[PDB]
$ cat entry.pdb   # PDB, C-alpha atoms and all ligand atoms
ATOM      1  CA  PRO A  33     -22.866 -12.484  16.748
ATOM      2  CA  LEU A  34     -22.000 -10.319  13.735
ATOM      3  CA  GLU A  35     -25.497  -9.345  12.567
ATOM      4  CA  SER A  36     -26.373  -8.163  16.097
ATOM      5  CA  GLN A  37     -23.248  -6.077  16.793
ATOM      6  CA  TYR A  38     -22.971  -4.181  13.483
ATOM      7  CA  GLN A  39     -25.407  -2.387  11.203
ATOM      8  CA  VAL A  40     -24.510  -3.482   7.665
ATOM      9  CA  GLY A  41     -24.799  -1.082   4.745
ATOM     10  CA  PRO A  42     -24.093  -1.213   1.016
ATOM     11  CA  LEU A  43     -21.024  -2.409  -0.847
ATOM     12  CA  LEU A  44     -17.957  -0.161  -0.910
ATOM     13  CA  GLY A  45     -15.667   0.488  -3.863
ATOM     14  CA  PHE A  49     -14.596  -9.374  -7.226
ATOM     15  CA  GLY A  50     -14.054  -8.193  -3.649
ATOM     16  CA  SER A  51     -16.728  -7.974  -0.947
ATOM     17  CA  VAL A  52     -16.347  -5.017   1.433
ATOM     18  CA  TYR A  53     -19.470  -3.443   2.948
ATOM     19  CA  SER A  54     -20.005  -0.145   4.699
ATOM     20  CA  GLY A  55     -20.894  -0.603   8.347
ATOM     21  CA  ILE A  56     -21.505   1.045  11.699
ATOM     22  CA  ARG A  57     -20.673  -0.520  15.061
ATOM     23  CA  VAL A  58     -23.936  -0.467  17.023
ATOM     24  CA  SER A  59     -22.052   0.068  20.299
ATOM     25  CA  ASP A  60     -20.624   3.527  19.547
ATOM     26  CA  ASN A  61     -21.886   4.265  15.990
ATOM     27  CA  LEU A  62     -18.285   3.934  14.800
ATOM     28  CA  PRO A  63     -17.879   3.707  11.003
ATOM     29  CA  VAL A  64     -16.371   0.379   9.941
ATOM     30  CA  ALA A  65     -15.694  -1.614   6.787
ATOM     31  CA  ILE A  66     -16.897  -5.222   6.782
ATOM     32  CA  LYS A  67     -14.724  -7.449   4.592
ATOM     33  CA  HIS A  68     -15.762 -10.993   3.660
ATOM     34  CA  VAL A  69     -13.194 -13.603   2.590
ATOM     35  CA  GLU A  70     -14.160 -17.041   1.278
ATOM     36  CA  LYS A  71     -12.288 -19.962   2.821
ATOM     37  CA  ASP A  72     -12.135 -21.700  -0.571
ATOM     38  CA  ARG A  73     -10.110 -18.778  -1.991
ATOM     39  CA  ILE A  74      -7.575 -18.348   0.837
ATOM     40  CA  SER A  75      -3.976 -18.828  -0.303
ATOM     41  CA  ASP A  76      -1.884 -18.829   2.896
ATOM     42  CA  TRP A  77      -3.210 -19.904   6.294
ATOM     43  CA  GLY A  78      -1.803 -19.064   9.708
ATOM     44  CA  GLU A  79      -2.368 -19.863  13.363
ATOM     45  CA  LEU A  80      -3.321 -17.544  16.207
ATOM     46  CA  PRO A  81      -1.805 -17.774  19.705
ATOM     47  CA  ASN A  82      -4.861 -19.884  20.578
ATOM     48  CA  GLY A  83      -3.858 -22.193  17.708
ATOM     49  CA  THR A  84      -7.021 -21.451  15.723
ATOM     50  CA  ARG A  85      -6.454 -21.707  11.967
ATOM     51  CA  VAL A  86      -7.105 -18.226  10.548
ATOM     52  CA  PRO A  87      -6.240 -16.549   7.244
ATOM     53  CA  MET A  88      -2.687 -15.227   7.210
ATOM     54  CA  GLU A  89      -4.287 -11.839   6.494
ATOM     55  CA  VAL A  90      -5.759 -11.901  10.005
ATOM     56  CA  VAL A  91      -2.380 -12.899  11.459
ATOM     57  CA  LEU A  92      -0.621  -9.999   9.741
ATOM     58  CA  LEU A  93      -3.341  -7.481  10.615
ATOM     59  CA  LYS A  94      -3.107  -8.401  14.304
ATOM     60  CA  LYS A  95       0.689  -8.032  14.290
ATOM     61  CA  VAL A  96       0.525  -4.465  12.909
ATOM     62  CA  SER A  97      -2.502  -3.305  14.923
ATOM     63  CA  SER A  98      -1.702  -0.618  17.511
ATOM     64  CA  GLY A  99      -1.832   3.140  18.089
ATOM     65  CA  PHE A 100       0.066   3.949  14.891
ATOM     66  CA  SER A 101      -2.586   5.086  12.411
ATOM     67  CA  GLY A 102      -0.518   4.597   9.250
ATOM     68  CA  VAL A 103      -1.842   1.055   8.862
ATOM     69  CA  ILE A 104      -5.502   0.053   8.834
ATOM     70  CA  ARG A 105      -6.697  -1.324  12.176
ATOM     71  CA  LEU A 106      -8.432  -4.702  12.346
ATOM     72  CA  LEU A 107     -11.138  -4.034  14.929
ATOM     73  CA  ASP A 108     -12.513  -7.596  15.150
ATOM     74  CA  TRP A 109     -13.097 -10.714  13.088
ATOM     75  CA  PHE A 110     -15.537 -13.621  12.913
ATOM     76  CA  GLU A 111     -15.435 -17.126  11.476
ATOM     77  CA  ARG A 112     -18.391 -18.486   9.483
ATOM     78  CA  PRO A 113     -18.894 -21.957   7.919
ATOM     79  CA  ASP A 114     -17.534 -20.923   4.499
ATOM     80  CA  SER A 115     -15.850 -17.577   5.174
ATOM     81  CA  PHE A 116     -14.125 -15.181   7.531
ATOM     82  CA  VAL A 117     -15.456 -11.687   8.213
ATOM     83  CA  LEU A 118     -13.061  -8.852   9.046
ATOM     84  CA  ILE A 119     -14.153  -5.661  10.812
ATOM     85  CA  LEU A 120     -11.833  -2.936   9.557
ATOM     86  CA  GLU A 121     -11.436   0.753  10.282
ATOM     87  CA  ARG A 122     -13.275   3.160   7.973
ATOM     88  CA  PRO A 123     -12.236   6.824   7.968
ATOM     89  CA  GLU A 124     -14.843   9.340   6.864
ATOM     90  CA  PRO A 125     -14.503  11.209   4.566
ATOM     91  CA  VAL A 126     -12.079   8.972   2.643
ATOM     92  CA  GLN A 127     -10.760   8.361  -0.869
ATOM     93  CA  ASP A 128      -8.167   5.867  -1.969
ATOM     94  CA  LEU A 129      -4.961   7.147  -3.533
ATOM     95  CA  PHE A 130      -5.759   5.625  -6.941
ATOM     96  CA  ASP A 131      -8.991   7.625  -7.357
ATOM     97  CA  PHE A 132      -7.264  10.676  -5.869
ATOM     98  CA  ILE A 133      -4.511  10.583  -8.494
ATOM     99  CA  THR A 134      -7.047   9.902 -11.259
ATOM    100  CA  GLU A 135      -9.090  12.980 -10.351
ATOM    101  CA  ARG A 136      -6.122  15.283  -9.666
ATOM    102  CA  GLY A 137      -3.579  14.087 -12.199
ATOM    103  CA  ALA A 138       0.095  14.327 -11.306
ATOM    104  CA  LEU A 139       0.573  15.501  -7.728
ATOM    105  CA  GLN A 140       2.586  18.565  -6.776
ATOM    106  CA  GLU A 141       5.885  17.352  -5.328
ATOM    107  CA  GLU A 142       5.123  18.908  -1.927
ATOM    108  CA  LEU A 143       2.003  16.739  -1.712
ATOM    109  CA  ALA A 144       3.725  13.652  -3.121
ATOM    110  CA  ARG A 145       6.480  14.168  -0.545
ATOM    111  CA  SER A 146       4.029  14.196   2.368
ATOM    112  CA  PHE A 147       2.147  11.147   1.053
ATOM    113  CA  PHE A 148       5.290   9.163   0.194
ATOM    114  CA  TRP A 149       6.817   9.948   3.596
ATOM    115  CA  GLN A 150       3.693   8.666   5.351
ATOM    116  CA  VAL A 151       3.750   5.493   3.236
ATOM    117  CA  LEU A 152       7.395   4.994   4.227
ATOM    118  CA  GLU A 153       6.568   5.312   7.935
ATOM    119  CA  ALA A 154       3.678   2.858   7.538
ATOM    120  CA  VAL A 155       5.805   0.273   5.723
ATOM    121  CA  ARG A 156       8.566   0.658   8.319
ATOM    122  CA  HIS A 157       5.920  -0.045  10.960
ATOM    123  CA  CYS A 158       4.888  -3.216   9.110
ATOM    124  CA  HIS A 159       8.474  -4.457   8.855
ATOM    125  CA  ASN A 160       9.166  -3.643  12.517
ATOM    126  CA  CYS A 161       6.135  -5.790  13.417
ATOM    127  CA  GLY A 162       7.427  -8.698  11.305
ATOM    128  CA  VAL A 163       5.016  -8.119   8.392
ATOM    129  CA  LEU A 164       5.734  -7.790   4.658
ATOM    130  CA  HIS A 165       2.810  -6.224   2.792
ATOM    131  CA  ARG A 166       3.829  -7.340  -0.754
ATOM    132  CA  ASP A 167       1.127  -5.270  -2.496
ATOM    133  CA  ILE A 168       2.063  -1.618  -1.987
ATOM    134  CA  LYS A 169       0.203   0.449  -4.593
ATOM    135  CA  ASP A 170      -2.059   3.484  -4.781
ATOM    136  CA  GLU A 171      -5.168   1.266  -4.746
ATOM    137  CA  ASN A 172      -4.103  -0.035  -1.315
ATOM    138  CA  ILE A 173      -3.690   3.389   0.325
ATOM    139  CA  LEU A 174      -6.604   5.266   1.904
ATOM    140  CA  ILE A 175      -6.531   9.037   2.419
ATOM    141  CA  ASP A 176      -8.219  10.385   5.550
ATOM    142  CA  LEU A 177      -9.097  13.651   3.827
ATOM    143  CA  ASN A 178      -9.873  15.615   6.997
ATOM    144  CA  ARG A 179      -6.734  14.561   8.884
ATOM    145  CA  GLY A 180      -4.395  14.311   5.879
ATOM    146  CA  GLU A 181      -3.302  10.854   7.069
ATOM    147  CA  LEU A 182      -2.726   7.891   4.759
ATOM    148  CA  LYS A 183      -3.587   4.303   5.706
ATOM    149  CA  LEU A 184      -2.129   1.143   4.170
ATOM    150  CA  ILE A 185      -4.841  -1.469   3.536
ATOM    151  CA  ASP A 186      -5.334  -5.008   2.183
ATOM    152  CA  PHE A 187      -2.778  -7.439   3.600
ATOM    153  CA  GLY A 188      -4.350 -10.304   1.619
ATOM    154  CA  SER A 189      -1.080 -10.790  -0.296
ATOM    155  CA  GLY A 190       1.265 -10.238   2.651
ATOM    156  CA  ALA A 191       3.606 -12.580   4.482
ATOM    157  CA  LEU A 192       5.662 -12.804   7.621
ATOM    158  CA  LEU A 193       8.845 -10.842   7.012
ATOM    159  CA  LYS A 194      11.952 -12.989   6.536
ATOM    160  CA  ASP A 195      15.515 -12.442   5.346
ATOM    161  CA  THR A 196      15.612 -15.455   3.001
ATOM    162  CA  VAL A 197      14.381 -15.549  -0.581
ATOM    163  CA  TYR A 198      10.686 -15.582  -1.467
ATOM    164  CA  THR A 199       9.642 -17.852  -4.336
ATOM    165  CA  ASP A 200       5.896 -17.050  -4.242
ATOM    166  CA  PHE A 201       4.041 -13.833  -5.047
ATOM    167  CA  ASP A 202       0.382 -12.831  -5.376
ATOM    168  CA  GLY A 203       0.595  -9.022  -5.356
ATOM    169  CA  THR A 204       0.273  -6.674  -8.323
ATOM    170  CA  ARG A 205       2.504  -7.602 -11.254
ATOM    171  CA  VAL A 206       3.087  -4.060 -12.558
ATOM    172  CA  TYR A 207       4.446  -3.112  -9.116
ATOM    173  CA  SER A 208       6.598  -6.269  -8.839
ATOM    174  CA  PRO A 209      10.374  -6.138  -9.277
ATOM    175  CA  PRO A 210      12.333  -7.402 -12.296
ATOM    176  CA  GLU A 211      13.931 -10.225 -10.295
ATOM    177  CA  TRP A 212      10.413 -11.608  -9.815
ATOM    178  CA  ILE A 213       9.620 -11.162 -13.519
ATOM    179  CA  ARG A 214      12.851 -12.865 -14.603
ATOM    180  CA  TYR A 215      13.656 -15.455 -11.927
ATOM    181  CA  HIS A 216      10.501 -15.830  -9.770
ATOM    182  CA  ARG A 217      12.535 -14.907  -6.690
ATOM    183  CA  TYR A 218      12.947 -11.772  -4.585
ATOM    184  CA  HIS A 219      13.927 -10.558  -1.143
ATOM    185  CA  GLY A 220      11.320  -8.770   0.916
ATOM    186  CA  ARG A 221      12.760  -5.328   1.601
ATOM    187  CA  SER A 222      14.332  -4.647  -1.790
ATOM    188  CA  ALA A 223      11.124  -5.788  -3.510
ATOM    189  CA  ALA A 224       9.172  -3.400  -1.278
ATOM    190  CA  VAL A 225      11.519  -0.566  -2.270
ATOM    191  CA  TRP A 226      10.932  -1.280  -5.968
ATOM    192  CA  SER A 227       7.164  -1.028  -5.452
ATOM    193  CA  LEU A 228       7.723   2.262  -3.618
ATOM    194  CA  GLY A 229       9.621   3.527  -6.659
ATOM    195  CA  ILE A 230       6.644   2.613  -8.851
ATOM    196  CA  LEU A 231       4.347   4.359  -6.363
ATOM    197  CA  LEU A 232       6.429   7.546  -6.237
ATOM    198  CA  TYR A 233       6.577   7.807 -10.042
ATOM    199  CA  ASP A 234       2.816   7.187 -10.048
ATOM    200  CA  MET A 235       2.310  10.135  -7.689
ATOM    201  CA  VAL A 236       4.453  12.719  -9.502
ATOM    202  CA  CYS A 237       3.619  11.657 -13.083
ATOM    203  CA  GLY A 238      -0.056  10.718 -12.662
ATOM    204  CA  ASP A 239       0.285   7.043 -13.624
ATOM    205  CA  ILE A 240       2.668   4.124 -13.135
ATOM    206  CA  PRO A 241       5.711   3.906 -15.455
ATOM    207  CA  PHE A 242       5.514   0.267 -16.586
ATOM    208  CA  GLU A 243       2.608  -1.754 -17.974
ATOM    209  CA  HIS A 244       4.485  -4.694 -19.550
ATOM    210  CA  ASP A 245       7.110  -7.181 -18.380
ATOM    211  CA  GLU A 246       9.649  -5.908 -20.907
ATOM    212  CA  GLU A 247       9.365  -2.378 -19.509
ATOM    213  CA  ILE A 248       9.808  -3.699 -15.958
ATOM    214  CA  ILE A 249      13.050  -5.524 -16.785
ATOM    215  CA  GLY A 250      14.292  -2.947 -19.301
ATOM    216  CA  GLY A 251      15.763  -0.519 -16.786
ATOM    217  CA  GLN A 252      14.655   2.738 -18.447
ATOM    218  CA  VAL A 253      12.518   5.349 -16.675
ATOM    219  CA  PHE A 254      11.054   7.990 -19.000
ATOM    220  CA  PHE A 255       9.456  10.933 -17.182
ATOM    221  CA  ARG A 256       6.204  12.009 -18.855
ATOM    222  CA  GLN A 257       5.838  15.012 -16.532
ATOM    223  CA  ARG A 258       8.047  17.784 -15.255
ATOM    224  CA  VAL A 259       9.742  16.202 -12.221
ATOM    225  CA  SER A 260      12.603  17.731 -10.227
ATOM    226  CA  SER A 261      16.093  16.263 -10.637
ATOM    227  CA  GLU A 262      16.111  15.304  -6.944
ATOM    228  CA  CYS A 263      12.851  13.347  -7.214
ATOM    229  CA  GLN A 264      13.927  11.692 -10.486
ATOM    230  CA  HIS A 265      17.118  10.515  -8.771
ATOM    231  CA  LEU A 266      15.207   8.983  -5.846
ATOM    232  CA  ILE A 267      12.793   7.214  -8.208
ATOM    233  CA  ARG A 268      15.568   5.847 -10.421
ATOM    234  CA  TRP A 269      17.432   4.722  -7.294
ATOM    235  CA  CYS A 270      14.367   2.852  -5.989
ATOM    236  CA  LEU A 271      14.016   1.267  -9.455
ATOM    237  CA  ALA A 272      17.592  -0.029  -9.714
ATOM    238  CA  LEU A 273      17.503  -3.323 -11.617
ATOM    239  CA  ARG A 274      19.951  -4.970  -9.213
ATOM    240  CA  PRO A 275      18.193  -5.329  -5.820
ATOM    241  CA  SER A 276      21.406  -4.682  -3.858
ATOM    242  CA  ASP A 277      21.668  -1.321  -5.675
ATOM    243  CA  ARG A 278      18.370  -0.080  -4.230
ATOM    244  CA  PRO A 279      18.268   2.217  -1.193
ATOM    245  CA  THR A 280      17.340   1.123   2.288
ATOM    246  CA  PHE A 281      14.371   2.821   3.915
ATOM    247  CA  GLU A 282      16.854   4.947   5.880
ATOM    248  CA  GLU A 283      18.521   6.034   2.637
ATOM    249  CA  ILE A 284      15.123   6.911   1.142
ATOM    250  CA  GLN A 285      14.112   9.053   4.118
ATOM    251  CA  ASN A 286      17.548  10.726   4.244
ATOM    252  CA  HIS A 287      17.432  11.527   0.516
ATOM    253  CA  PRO A 288      17.534  15.290  -0.269
ATOM    254  CA  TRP A 289      14.118  15.195  -1.962
ATOM    255  CA  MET A 290      12.513  13.900   1.258
ATOM    256  CA  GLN A 291      13.585  16.745   3.554
ATOM    257  CA  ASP A 292      11.225  19.293   5.149
ATOM    258  CA  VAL A 293       8.114  17.128   4.822
ATOM    259  CA  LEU A 294       4.740  18.618   5.723
ATOM    260  CA  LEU A 295       2.896  17.418   8.797
ATOM    261  CA  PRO A 296      -0.346  15.510   8.100
ATOM    262  CA  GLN A 297      -2.539  18.385   9.321
ATOM    263  CA  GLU A 298      -0.633  20.904   7.188
ATOM    264  CA  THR A 299      -1.094  18.500   4.268
ATOM    265  CA  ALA A 300      -4.866  18.451   4.788
ATOM    266  CA  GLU A 301      -5.187  22.235   5.075
ATOM    267  CA  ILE A 302      -2.919  23.142   2.148
ATOM    268  CA  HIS A 303      -3.844  20.336  -0.243
ATOM    269  CA  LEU A 304      -7.075  18.598   0.838
ATOM    270  CA  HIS A 305      -9.375  21.305   2.263
TER     271      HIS A 305
ATOM    272  CA  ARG B   2      -3.404   7.785 -22.117
ATOM    273  CA  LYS B   3      -5.512   5.134 -20.378
ATOM    274  CA  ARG B   4      -4.974   4.761 -16.628
ATOM    275  CA  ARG B   5      -6.355   1.602 -15.051
ATOM    276  CA  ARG B   6      -6.433  -0.465 -11.893
ATOM    277  CA  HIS B   7      -4.529  -3.766 -11.775
ATOM    278  CA  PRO B   8      -6.046  -6.605  -9.717
ATOM    279  CA  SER B   9      -3.790  -8.734  -7.540
TER     280      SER B   9
HETATM  281  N1  LIG C 401     -11.899   1.962  -2.839
HETATM  282  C1  LIG C 401     -12.062   1.805  -1.469
HETATM  283  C2  LIG C 401     -13.021   2.547  -0.773
HETATM  284  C3  LIG C 401     -13.168   2.405   0.596
HETATM  285  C4  LIG C 401     -12.362   1.523   1.316
HETATM  286  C5  LIG C 401     -12.487   1.475   2.789
HETATM  287  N2  LIG C 401     -13.142   2.437   3.444
HETATM  288  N3  LIG C 401     -13.000   2.109   4.724
HETATM  289  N4  LIG C 401     -12.308   1.013   5.015
HETATM  290  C6  LIG C 401     -11.938   0.541   3.821
HETATM  291  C7  LIG C 401     -11.091  -0.664   3.723
HETATM  292  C8  LIG C 401     -10.081  -0.868   4.658
HETATM  293  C9  LIG C 401      -9.289  -2.000   4.612
HETATM  294  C10 LIG C 401      -9.482  -2.963   3.625
HETATM  295  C11 LIG C 401      -8.588  -4.175   3.553
HETATM  296  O1  LIG C 401      -7.688  -4.284   4.430
HETATM  297  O2  LIG C 401      -8.787  -4.995   2.627
HETATM  298  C12 LIG C 401     -10.492  -2.761   2.690
HETATM  299  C13 LIG C 401     -11.286  -1.628   2.735
HETATM  300  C14 LIG C 401     -11.405   0.780   0.627
HETATM  301  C15 LIG C 401     -11.255   0.917  -0.744
END
$ encode --input "entry.pdb" --output "structure tokens" --more "lines below"
Ligand SMILES: Nc1ccc(-c2n[nH]nc2-c2ccc(C(=O)O)cc2)cc1
Amino acid sequence: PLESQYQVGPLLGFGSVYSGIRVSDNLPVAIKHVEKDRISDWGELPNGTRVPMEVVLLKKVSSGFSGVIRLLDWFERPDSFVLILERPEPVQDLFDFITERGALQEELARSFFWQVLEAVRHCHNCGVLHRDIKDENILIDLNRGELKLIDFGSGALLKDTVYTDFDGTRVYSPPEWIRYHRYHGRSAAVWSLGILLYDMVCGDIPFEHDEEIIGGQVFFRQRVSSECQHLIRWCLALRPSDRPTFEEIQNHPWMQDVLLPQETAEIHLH
Amino acid sequence: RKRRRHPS
């Protein structure tokens, strides 16, 4: 039973996520409700039970690596599924963090971006494509300086063939999706990481309209180092084959000498 | 300049 195993609190944050505590060990959790009528892609568990694809993807990435949110449990109800998700405390998502702080110092953006890269690599290694990388979908564990990727509700199994469907965030989507309604998983992910990196070092995303997305011009509204500008422009290459691999991103000169998560918390979050 | 969230 769900009502007997968790103490349910107030809403957090058209989504339905509640604060919670696991009665067993007083662990803080987030309790996410998903209506069956609104589920786009369905999947099957090893037991063959029909579950939301979100549950499938969350189970595939769940492990000791704390760069991705951990699905602690889930329940099925007549008209909905309920997901028990990890809740760090204290926490703030990266969108609110950038709103309150403005453009991030490059040392801090480097640490955050590096941790997002490791988390996305973990997803891909587990066969999972997130498809909605953005600052809203990144939680900051403020005391540990660790970032957590959340909300796989738009994700898919990773494949090497073309995708013709998309339900992530349009202003983070690549120009090949805007123009042709097709994309490949990894190069589309890299485009969204370019949007995210610009967002971190300039204080907001670069493109709001389709014509900006396909236009291929990146104006920098903030002082940004030449090295970081190069990485961003590389990630935002119009031709997908021109974009860097994850290895090329992490080997880029701007990415060297990253701070550890604990150093990040003490220098920038405490 | 207005900064905003963008639903999926
Ligand atoms: N603005 C905002 C504030 C607090 C949370 C939060 N806090 N603790 N867990 C969560 C959480 C984790 C995963 C998911 C998901 O995977 O959908 C949703 C929420 C999320 C956002």
$ residues_near_ligand --input "entry.pdb" --ligand "ligand LIG 401 (chain C)" --cutoff "6 Å" --atoms "all atoms listed in the file" --output "list in words"
residues 44, 45, 65, 120, 121, 122, 123, 128, 185, 186 and 187 of chain A
$ interface_residues --input "entry.pdb" --of "chain B" --to "chain A" --cutoff "7 Å" --atoms "all atoms listed in the file" --output "ChimeraX atom specification"
/B:4,7-9
$ residues_around --input "entry.pdb" --residues "residue 181 of chain A" --least-positions-apart "5" --cutoff "7 Å" --atoms "only C-alpha atoms" --output "PDB file with C-alpha atoms, in the coordinates of the input"
ATOM      1  CA  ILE A 175      -6.531   9.037   2.419  1.00  0.00           C
ATOM      2  CA  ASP A 176      -8.219  10.385   5.550  1.00  0.00           C
ATOM      3  CA  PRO A 296      -0.346  15.510   8.100  1.00  0.00           C
TER       4      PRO A 296
END
$ residues_around --input "entry.pdb" --residues "residue 116 of chain A" --least-positions-apart "2" --cutoff "6 Å" --atoms "only C-alpha atoms" --output "PyMOL selection string"
chain A and resi 68-69+110-112
$ resolve_selection --input "entry.pdb" --expression "the PyMOL selection byres (((chain A and resi 95) around 8) and not hetatm)" --output "JSON, numbers by chain"
{"A": [91, 92, 93, 94, 96, 97, 161, 162, 163]}
$ atom_distance --input "entry.pdb" --atom1 "atom CA of residue 253 of chain A" --atom2 "atom CA of residue 277 of chain A"
15.8 Å
$ resolve_selection --input "entry.pdb" --expression "the PyMOL selection byres (((chain A and resi 210) around 12) and not hetatm)" --output "compact mmCIF listing (two decimals) with C-alpha atoms, in the frame of the given file"
# COMPACT_ATOMS: atom_id res chain seq x y z
CA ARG A 205 2.50 -7.60 -11.25
CA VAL A 206 3.09 -4.06 -12.56
CA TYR A 207 4.45 -3.11 -9.12
CA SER A 208 6.60 -6.27 -8.84
CA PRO A 209 10.37 -6.14 -9.28
CA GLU A 211 13.93 -10.22 -10.30
CA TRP A 212 10.41 -11.61 -9.82
CA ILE A 213 9.62 -11.16 -13.52
CA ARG A 214 12.85 -12.86 -14.60
CA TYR A 215 13.66 -15.46 -11.93
CA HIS A 216 10.50 -15.83 -9.77
CA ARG A 217 12.54 -14.91 -6.69
CA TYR A 218 12.95 -11.77 -4.58
CA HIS A 219 13.93 -10.56 -1.14
CA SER A 222 14.33 -4.65 -1.79
CA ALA A 223 11.12 -5.79 -3.51
CA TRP A 226 10.93 -1.28 -5.97
CA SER A 227 7.16 -1.03 -5.45
CA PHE A 242 5.51 0.27 -16.59
CA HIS A 244 4.49 -4.69 -19.55
CA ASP A 245 7.11 -7.18 -18.38
CA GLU A 246 9.65 -5.91 -20.91
CA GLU A 247 9.36 -2.38 -19.51
CA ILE A 248 9.81 -3.70 -15.96
CA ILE A 249 13.05 -5.52 -16.78
CA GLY A 250 14.29 -2.95 -19.30
CA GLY A 251 15.76 -0.52 -16.79
CA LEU A 271 14.02 1.27 -9.46
CA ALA A 272 17.59 -0.03 -9.71
CA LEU A 273 17.50 -3.32 -11.62
CA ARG A 274 19.95 -4.97 -9.21
CA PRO A 275 18.19 -5.33 -5.82
$ residues_near_point --input "entry.pdb" --point "(15.5, 15.0, 2.3)" --cutoff "12 Å" --atoms "only C-alpha atoms" --output "NGL selection string"
:A and (142 or 145-146 or 148-149 or 262-263 or 266 or 282-294)
$ resolve_selection --input "entry.pdb" --expression "the PyMOL selection byres (((chain A and resi 178) around 7) and not hetatm)" --output "list in words"
residues 125, 176, 177, 179, 180 and 300 of chain A
$ write_last_selection --input "entry.pdb" --atoms "C-alpha atoms" --output "tab-separated table (two decimals), keeping the file's coordinate frame"
chain	number	residue	atom	x	y	z
A	125	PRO	CA	-14.50	11.21	4.57
A	176	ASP	CA	-8.22	10.38	5.55
A	177	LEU	CA	-9.10	13.65	3.83
A	179	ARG	CA	-6.73	14.56	8.88
A	180	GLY	CA	-4.39	14.31	5.88
A	300	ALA	CA	-4.87	18.45	4.79
$ closest_residue --input "entry.pdb" --among "A:118, A:267, A:304, A:152" --to "residue 221 of chain A" --atoms "all atoms listed in the file"
A:152
$ atom_distance --input "entry.pdb" --atom1 "atom CA of residue 2 of chain B" --atom2 "atom CA of residue 302 of chain A"
28.7 Å
$ closest_residue --input "entry.pdb" --among "A:133, A:224, A:74, A:106" --to "residue 6 of chain B" --atoms "all atoms listed in the file"
A:133
$ atom_distance --input "entry.pdb" --atom1 "atom CA of residue 196 of chain A" --atom2 "atom CA of residue 233 of chain A"
28.2 Å
$ residues_around --input "entry.pdb" --residues "segment 154-160 of chain A" --least-positions-apart "2" --cutoff "8 Å" --atoms "all atoms listed in the file" --output "ChimeraX atom specification"
/A:96,102-103,150-152,162-165,183-184,193,281
$ decode --input "entry.pdb" --residues "chain B" --atoms "N, CA and C atoms" --output "PDB file, in the first residue's frame"
ATOM      1  N   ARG B   2      15.333  41.691 -19.717  1.00  0.00           N
ATOM      2  CA  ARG B   2      14.857  40.663 -20.636  1.00  0.00           C
ATOM      3  C   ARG B   2      14.145  39.555 -19.866  1.00  0.00           C
ATOM      4  N   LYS B   3      13.006  39.100 -20.386  1.00  0.00           N
ATOM      5  CA  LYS B   3      12.172  38.144 -19.667  1.00  0.00           C
ATOM      6  C   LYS B   3      12.714  36.728 -19.840  1.00  0.00           C
ATOM      7  N   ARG B   4      13.007  36.076 -18.723  1.00  0.00           N
ATOM      8  CA  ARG B   4      13.403  34.677 -18.691  1.00  0.00           C
ATOM      9  C   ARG B   4      12.222  33.847 -18.213  1.00  0.00           C
ATOM     10  N   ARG B   5      11.968  32.728 -18.887  1.00  0.00           N
ATOM     11  CA  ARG B   5      10.780  31.941 -18.595  1.00  0.00           C
ATOM     12  C   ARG B   5      11.075  30.455 -18.738  1.00  0.00           C
ATOM     13  N   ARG B   6      10.252  29.657 -18.063  1.00  0.00           N
ATOM     14  CA  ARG B   6      10.245  28.219 -18.263  1.00  0.00           C
ATOM     15  C   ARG B   6       9.540  27.887 -19.576  1.00  0.00           C
ATOM     16  N   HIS B   7       9.785  26.676 -20.074  1.00  0.00           N
ATOM     17  CA  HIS B   7       9.189  26.205 -21.323  1.00  0.00           C
ATOM     18  C   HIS B   7       8.690  24.782 -21.108  1.00  0.00           C
ATOM     19  N   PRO B   8       7.382  24.589 -20.960  1.00  0.00           N
ATOM     20  CA  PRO B   8       6.850  23.237 -20.760  1.00  0.00           C
ATOM     21  C   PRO B   8       7.183  22.313 -21.923  1.00  0.00           C
ATOM     22  N   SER B   9       7.222  21.019 -21.620  1.00  0.00           N
ATOM     23  CA  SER B   9       7.473  19.999 -22.628  1.00  0.00           C
ATOM     24  C   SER B   9       6.188  19.661 -23.383  1.00  0.00           C
TER      25      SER B   9
END
